[PDB]
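The structure appears right after this line, and notes come after that.
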Amino acid sequence: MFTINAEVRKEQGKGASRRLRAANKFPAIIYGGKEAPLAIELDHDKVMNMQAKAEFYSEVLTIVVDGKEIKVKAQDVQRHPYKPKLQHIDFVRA
Amino acid sequence: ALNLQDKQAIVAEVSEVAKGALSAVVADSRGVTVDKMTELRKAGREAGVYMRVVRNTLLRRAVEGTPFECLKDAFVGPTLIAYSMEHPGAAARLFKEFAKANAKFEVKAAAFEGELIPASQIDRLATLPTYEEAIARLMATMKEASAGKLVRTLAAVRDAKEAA
Amino acid sequence: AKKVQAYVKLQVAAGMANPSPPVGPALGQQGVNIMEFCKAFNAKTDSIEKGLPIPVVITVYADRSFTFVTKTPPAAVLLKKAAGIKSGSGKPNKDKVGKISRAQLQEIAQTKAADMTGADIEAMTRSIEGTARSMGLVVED
Amino acid sequence: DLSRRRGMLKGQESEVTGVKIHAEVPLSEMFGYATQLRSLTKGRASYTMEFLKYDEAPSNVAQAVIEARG
Amino acid sequence: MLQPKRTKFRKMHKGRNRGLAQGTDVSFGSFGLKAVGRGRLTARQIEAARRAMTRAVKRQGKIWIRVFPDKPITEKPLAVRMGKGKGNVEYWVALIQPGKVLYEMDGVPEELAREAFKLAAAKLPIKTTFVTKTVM
Amino acid sequence: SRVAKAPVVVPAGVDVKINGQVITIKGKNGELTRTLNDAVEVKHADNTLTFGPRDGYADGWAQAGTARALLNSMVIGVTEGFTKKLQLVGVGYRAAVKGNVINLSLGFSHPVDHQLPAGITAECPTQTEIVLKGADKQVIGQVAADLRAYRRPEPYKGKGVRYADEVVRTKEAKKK
Amino acid sequence: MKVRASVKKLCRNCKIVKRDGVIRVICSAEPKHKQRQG
RNA sequence: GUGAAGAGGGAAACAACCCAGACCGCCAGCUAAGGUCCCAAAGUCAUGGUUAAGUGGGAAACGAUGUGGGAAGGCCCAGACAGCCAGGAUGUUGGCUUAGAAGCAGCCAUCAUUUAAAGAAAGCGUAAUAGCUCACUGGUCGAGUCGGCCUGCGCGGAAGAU
RNA sequence: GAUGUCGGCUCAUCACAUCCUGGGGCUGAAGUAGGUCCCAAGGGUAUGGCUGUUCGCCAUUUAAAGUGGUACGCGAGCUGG
């Protein structure tokens with residue numbers, strides 16, 4: 001399973017990133033493989049719900065972004081560090 | 001939807017038992033206390049007579065939507081299923097025994113084959129000869145009570161008012 | 001509360017039974033009348049073999065006469081008596097008492113096979129299986 | 001009440017028209033005891049006691065006082 | 001209670017308890033108490049909460065402490081004219097800021113563990129919140 | 001679930017005179033039995049209970065549930081009427097019933113009186129049982145309670161004026 | 001009875017009402033539990 | 001940075017705060033901060049959301065079926081929520097412990113039976129089981145409801161001298 | 001370049017975290033008494049012994065002999081221990 005969808009980031013660095021984090025988004029990256037690292041957003045409420053399903057962290061994930069679709073296995077995540085939130089997450093390409 | 005896992009599983013089993021009852025009785029709870037169920041409950045599952053009391057809100061909607069030896073209407077209220085697959089006596093010997101701590105009319109009615117047996121009939125369903133001759137006495141009886149008794153009885157109480 | 005009552009429990013001394021006195025002072029305080037003495041004292045009494053303190057069961061109903069009935073001791077009691085065991089475990093199965101033959105259970109099933117609930121002797125034996133394990137006693141081969 | 005004094009019960013028996021309770025009791029406590037009992041029961045109950053033997057004290061004051069007195 | 005074996009200096013500044021935390025997440029045991037608030041915490045207080053929680057919980061699990069109190073903090077004796085050399089070291093302070101985990105414990109079922117940190121939260125200066133394990 | 005948004009439709013069981021906002025229930029047993037529920041955002045049609053926009057709140061159709069209770073209590077006052085068993089354990093004292101006036105006691109020397117308001121009346125089968133009988137569940141339970149304020153049950157063993165209290169506490173002497 | 005700054009339930013079937021202004025416990029078991037004004 | 005050595009406006013008053021840096025005269029226009037009912041100059045202005053406290057317009061730990069926002073969620077007419085009626089069992093009254101075993105006295109083991117079904121037991125309650133309530137279980141009822149989490153806003157906690 | 005510094009006397013005045021007196025909750029409150037507690041500022045609230053003390057200890061009294069503010073009420077009124 002695990003299926004999320006996303007938009008590609010048009011901004012960068014903290015001033016951007018907070019103005020998103022306020023707006024119920026959070027930023028992320030797909031790095032890995034030959035293809036340059038791709039910086040992306042997810043919606044915080046959506047991908048939060050699968051933080052506690054632990055297959056979010058073990059299993060291959062379907063990442064659809066812009067409508068073009070990658071497939072990804074997760075990497076380490078930053079969480080902010082007293083309210084439930086993923087502050088920003090990294091993902092790795094298969 | 002639909003609560004518990006027995007409640008969505010049970011529908012084939014309740015439907016199976018609700019075909020099976022070649023005599024059946026719809027009978028009443030409320031004010032039983034433990035004993036009147038218990039004293040049959042132990043011996044029954046050895047002795048070949050069945051008594052269950054089962055969910056009457058599901059049974060009343062379920063029976064409408066599935067014929068369970070005809071029947072449906074008068075299940076309403078708190079309701080037991082007494083049943084014998086056997087020739088009718090085991091089911092009917094049980095009811096006057098249920099009558100000690102309630103009454104004769106906690107059965108609302110009973111069914112045999114497709115004929116409706118109410119308490120008026122019930123004594124007669126409860127009078128049963130030697131088995132090979134009984135099922136013939138029972139077939140001539142239910143065939144009598146189906147159309148002959150109506151056409152006589154609907155006239156007779158109006159004749160009682162005309163003829164005094 | 002809830003009105004008149006079914007199956008009231010009392011558990012009572014293994015005295016002379018036709019005469020009253022090891023039963024008499026427990027009778028005395030609860031107002032076991034000369035009449036209560038007649039259903040219990042006159043009767044369900046001697047020509048029954050004392051060895052176990054006898055259950056005595058009260059049905060309540062009354063124009064001033066509520067009644068007290070003598071019968072057989074209960075399954076937990078019979079297990080302790082019948083098996084020729086010491087006295088039960090401190091910690092069931094993590095401490096232990098004895099071993100018991102399933103066939104002794106079966107005879108135990110057979111004597112208690114009056115009103116004991118289980119519509120089958122096999123079902124019946126199993127409840128007292130679960131008693132025997134609770135006391136620590138493995139139903140064993 | 002018996003429990004209160006630091007008494008500890010041996011056990012309890014019914015009696016012909018009432019009840020009998022038997023117990024081990026501290027001694028230095030009892031000098032309101034009969035009136036207290038009378039108080040509880042509506043004057044009805046009664047008691048007797050004798051000294052069985054000796055067993056530990058934990059109360060401070062007996063040991064504490066012993067240099068003022070002698 | 002908790003106190004260090006011999007420090008290089010033995011009085012120390014006011015210090016600056018500014019910023020967040022690097023000593024965050026529940027990491028050791030199954031679940032723990034996160035600090036969630038800002039402030040200063042004594043040795044004696046850590047003691048008062050860890051005792052309270054072990055007695056509440058009743059052992060056969062145990063609690064792991066992720067705070068140590070290092071730091072000297074002074075009393076000036078009463079009625080002293082201001083100045084006159086820095087005060088004397090009185091009690092030891094542990095520095096808390098958001099996210100600092102305080103306690104982790106193991107083995108204890110959630111609802112009973114929910115009560116068991118509820119007591120320590122009544123015992124400290126700060127507004128703690130329960131956290132559970134999780135990988136990655 | 002049910003009464004907050006479907007207000008029992010309070011049937012016309014003989015019979016309801018509805019001005020508009022002033023309501024008189026016109027039946028036999030405590031005759032012409034009336035209540036003024038005004039326009040507390042409670043609109044009516046024939047014997048129905050209809051909402052409007054309360055103050056700041058605007059609720060959720062809530063006091064139409066209430067208005068339905070207070071009119072039906074009023075209607076049922078004129079049809080069935082009802083038993084206020086008020087009772088005394090208290091070593092009898094006084095309990096003269098006389099028409100509109102009740103003389104009770106609390107060991108106090110003086111005529112305790114109390115004059116029943118018109119709408120209800122009372123009598124005593126024996127001194128220790130008093131039935132107040134009649135009309136409206138609100139005034140009638142008030143006079144009952146104001147009579148039990150001639151004294152509570154005493155809480156240890158129960159001496160007092162007892163209305164609904166078939167549960168009087170049974171404390172005891174010299175601790176348990 | 002006490003007047004408190006923390007009000008919460010004693011015997012299980014105790015009850016909680018904000019009457020007049022201030023949230024009172026009330027009870028049908030043992031009425032120790034009448035603890036107002038929290 | 002200012003005051004000191006800086007006025008004027010504003011924050012009622014108010015050196016150092018915010019605004020602003022006064023050459024002199026005007027019965028001229030714009031504007032800053034700050035404001036726009038009236039004391040007093042200007043919007044009782046349009047728009048939408050919220051708060052029932054006079055919060056606004058003094059303050060905490062903490063406490064709560066106080067109100068709006070929010071996704072996720074269980075339940076959801078094959079009958080819910082819970083009200084009303086009704087069962088709440090069976091071995092059993094569990095073993096051990098025993099001051100005394102009672103589901104509810106400490107502990108252990110949580111086991112079994114007919115079940116449409118009731119824990120070898122959640123709370124009251126008592127003398128030793130008795131006594132009582134309880135989910136659970138069955139009817140009627142005839143629908144939305146319950147539980148969690150995030151969350152804006154208000155509440156008490158809040159008692160001192162003309 | 002003037003805040004005449006402690007106690008008492010005369011006169012006070014308010015605050016209420018109320019001493020008592022009035023209402024009321026609870027109570028391991030039977031009556032009695034009481035413990036506690038929410039309420040309440042109206043009025044009342046000691047004499048005498050000793051010492052420069054404020055206080056204090058103490059006799060005896062009352063219903064009670066409150067606590068606190070008011071340059072720790074106060075000298076262009078008094079004493080000056």
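Key figures
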read-out	value
Residues being surrounded by 20 or more Cβ atoms within 10 Å (Cβ to Cβ) and closer than 18 Å to residue F:97 by Cα - total across region F:135-147	4
The one condition in (1) within 14 Å of chain E (Cβ to nearest Cβ); (2) farther than 21 Å from residue E:25 by Cα; (3) hydroxyl-bearing (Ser, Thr, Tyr) that residue A:17 fails to fulfil	(1)
Every residue from region E:31-52 that is under 23 Å from residue E:134 (Cα atoms) and more than 14 Å from every other protein chain (Cβ to nearest Cβ)	none
Counted residues, region F:49-69 - those being touching a strand residue (DSSP E or B) at 6+ places or on another chain (Cβ under 7 Å) and either under 13 Å from residue F:9 (Cα atoms) or part of a strand (DSSP E or B) (or both)	6
Of the criteria (1) in a loop (DSSP other than H, G, I, E, B); (2) away from chain C (no Cβ under 14 Å); (3) surrounded by fewer than 16 Cβ atoms within 10 Å (Cβ to Cβ); (4) not hydrophobic (A, V, I, L, M, F, W, C), which one residue B:13 fails	(1)
Search result, residues across region G:8-38 that are within 13 Å of RNA strand I (Cβ to nearest atom) and of a type in the set (A, V, I, L, M)	G:10, G:22, G:25, G:26, G:29
Selection from region F:83-95 of residues that are over 16 Å from residue F:139 (Cα atoms) and loosely packed, with under 14 Cβ neighbours inside 10 Å	F:91, F:92
Which listed residue is in contact (Cβ under 8 Å) with a residue 12 or more places away in the chain, of a type in the set (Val, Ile, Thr), away from RNA strand I (no atom under 16 Å from the Cβ) and away from chain B (no Cβ under 14 Å), from C:69, C:57	C:69
Residue selected from region A:21-64 under the condition among the small types (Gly, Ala, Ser) and closer than 12 Å to residue A:8 by Cα, by the criterion surrounded by the most Cβ atoms within 10 Å (Cβ to Cβ)	A:28
Test: residue C:75 is near RNA strand H (Cβ under 6 Å from one of its atoms) and away from chain B (no Cβ under 14 Å)	yes
Near pairs, Cβ below 7 angstrom, 6+ apart or cross-chain, from region B:29-44 (within 11 Å of chain C (Cβ to nearest Cβ)) to any residue that is hydroxyl-bearing (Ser, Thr, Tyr) and loosely packed, with under 15 Cβ neighbours inside 10 Å	B:42/C:117
Scan of region B:46-103 for residues that are within 14 Å of chain C (Cβ to nearest Cβ) and part of a helix (DSSP H, G or I), ordered by number	B:46, B:47
For residue C:27: the one exception among (1) buried (at least 16 other Cβ atoms within 10 Å of the Cβ); (2) away from chain D (no Cβ under 14 Å); (3) not charged (D, E, K, R)	(2)
Subset of region F:148-176 that is within 13 Å of RNA strand I (Cβ to nearest atom) and of a type in the set (A, V, I, L, M, F, W, C) - its residue that is surrounded by the most Cβ atoms within 10 Å (Cβ to Cβ)	F:168
Those helices (runs of 4 or more DSSP H) lying entirely in chain D with at least 1 residues within 16 Å of RNA strand H (Cβ to nearest atom)	D:33-41
Verdict on residue B:36 being closer than 19 Å to residue B:104 by Cβ and surrounded by 12 or more Cβ atoms within 10 Å (Cβ to Cβ)	yes
Residue among C:127, C:47 that alone is among the polar types (S, T, N, Q) and part of a loop (DSSP other than H, G, I, E, B)	C:47
Looking only at region C:100-137, and only at residues there that are surrounded by fewer than 12 Cβ atoms within 10 Å (Cβ to Cβ) and within 7 Å of RNA strand H (Cβ to nearest atom), the one that is farthest from the chain's Cα centre (by Cα)	C:130
Index of the failed condition, residue E:55 passing every other in (1) within 14 Å of chain A (Cβ to nearest Cβ); (2) surrounded by fewer than 13 Cβ atoms within 10 Å (Cβ to Cβ); (3) closer than 17 Å to residue E:104 by Cα	(1)
Scan of region B:92-105 for residues that are over 14 Å from residue B:37 (Cα atoms) and within 13 Å of the chain's Cα centre (by Cα), ordered by number	B:92, B:93, B:104, B:105
Extreme residue, surrounded by the most Cβ atoms within 10 Å (Cβ to Cβ), among residues of region A:68-86 that are closer than 18 Å to residue A:7 by Cβ and in contact (Cβ under 8 Å) with a residue 40 or more places away in the chain	A:72
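For neighbour counting, all protein chains shown are included, and Cβ atoms are generated from backbone atoms with ideal geometry for every residue, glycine included. The numbers here are math on the coordinates, done by the rules we state, and not lab data.
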